[PDB]
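Note that my numbering gives residue 68 to position 76 of the sequence shown, counting from 1, and the numbers run on in steps of one. Even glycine gets a Cβ: it sits at the ideal position worked out from N, Cα and C. One structure is given below, encoded as structure tokens.
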Amino acid sequence: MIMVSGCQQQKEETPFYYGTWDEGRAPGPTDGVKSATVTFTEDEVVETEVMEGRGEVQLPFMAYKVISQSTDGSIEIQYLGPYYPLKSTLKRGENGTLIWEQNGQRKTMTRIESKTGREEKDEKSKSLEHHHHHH
């Protein structure tokens, strides 16, 4: 018998960075939210942190521009807003993850399974905050 080979290529776009990623590490102080998820939108990035008693809370969306890009390898982007001059690096990871590098820190993000062919709208919440989950 034989194993039927086949690979082809997708003409439909598949951006490896697009989606929702889990930053579900260990929590911190009052401003150290239990978990976080990052949502990548069209030209804006939306951060979400899951707060005890509040649930998922979406932060003010940050605009980004693509400086350099690959079809599937690494991506170089720069933010817009109060934190615009600091660019970030993105790379593909193992299993199906995204490697987010910022400030010299290397973060491995896992992709959550959602929007699998279903409209999922963002939420808008204005929070007066200075929360900083950090190492």
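{"Asked": "Using CA atoms only, rank isn't needed, just tell me which of 49, 34, 96 is closest to residue 41.", "Found": "49"}
{"Asked": "Quick check on this structure: which residue in 112, 88, 78 has the alpha carbon closest to the alpha carbon of residue 96?", "Found": "78"}
{"Asked": "Helix, strand or coil for residue 43 per DSSP?", "Found": "strand"}
{"Asked": "What's the gap between the Cα of residue 3 and the Cα of residue 62?", "Found": "16 Å"}
{"Asked": "Would you mind stating whether residue 117 and residue 94 have Cβ atoms separated by less than 8 Å?", "Found": "no"}
{"Asked": "Short of 6 Å in beta carbon distance, which residues of its chain neighbour residue 36, apart from the five on each side in sequence? Order them along the chain.", "Found": "53, 55"}
{"Asked": "Between the C-alpha atoms of residue 70 and residue 82, what's the straight-line distance to the nearest angstrom?", "Found": "11 Å"}
{"Asked": "Could you say which of 122, 73, 10 lies nearest to residue 90 if we only look at CA atoms?", "Found": "10"}
{"Asked": "Are the beta-carbon atoms of residue 130 and residue 123 separated by less than 8 Å?", "Found": "Since the first residue shown for the chain is -7 and the last is 127, residue 130 is missing from the structure and cannot be characterised."}
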